[PDB]
């Protein structure tokens, strides 16, 4: 009833670049999305699979300290699930079975699922409990392209560490992946109640699309 959004973060705060900086959450995504939900009268909670997270070293507070474990969230409370990312999502989101039940339940409630950057990786095996089909099956989505990972010089890290891409998740789950012209473009999509965006540059636009999609 009252206006509630949940933002999930990646719980993975570990080795990635090599280099030796730790990946994790990219603050700017969640800040911008935090602020936009707030400015639209939304109460915003954070959550991760384990309840933990850290900041991606290669670079509100109250809601952050008060972060729920996926275990201890009432999905019915929320009109919007917003999956933020950070290369950390490459490690946990596809296995984030608890977060996935949440988003599944919010969505089966006529809630919106939104995702940016690597956030759509959560969609891997994410089942739509009303239909029993992969939730993204037959949908168009966007998300951070392989091209962006080639640009950053971390695509070797992907094939070494056997990590996946949003495009692969799209294909694997019966969805159409649609790419931005450039990896850093403000780019997002509304497909019904499934809203996705590409990066931290799209965080504003994606959170607006999620809000709008509620009235649909």
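Positions refer to the first chain, counted from 1.
Gap check for residue 59 to residue 60: 10 or more deposited residues are absent from the model. Of the two segments examined, 185-193 and 34-42, it is 34-42 that shows the higher average Cα temperature factor in the deposited entry. Per the PDB record, of the two stretches 93-101 and 67-75, 67-75 carries the greater mean B-factor over its C-alpha atoms. In the deposited coordinates, the residue among 158, 166, 179, 175 with the greatest CA B-factor is 158. In the deposited entry, the Cα temperature factor of residue 87 sits in the middle third of values across the chain's modelled residues.
When the modelled residues of the chain are ordered by their C-alpha B factor, residue 16 lands in the highest third. Remark: residue 8 belongs to the lowest third of its chain, ranked by C-alpha B-factor as recorded.
Among the modelled residues of its chain, residue 152 has a C-alpha B-factor that falls in the highest third, as given in the PDB entry. Per-chain ranking of the deposited C-alpha B factor places residue 106 in the middle third.
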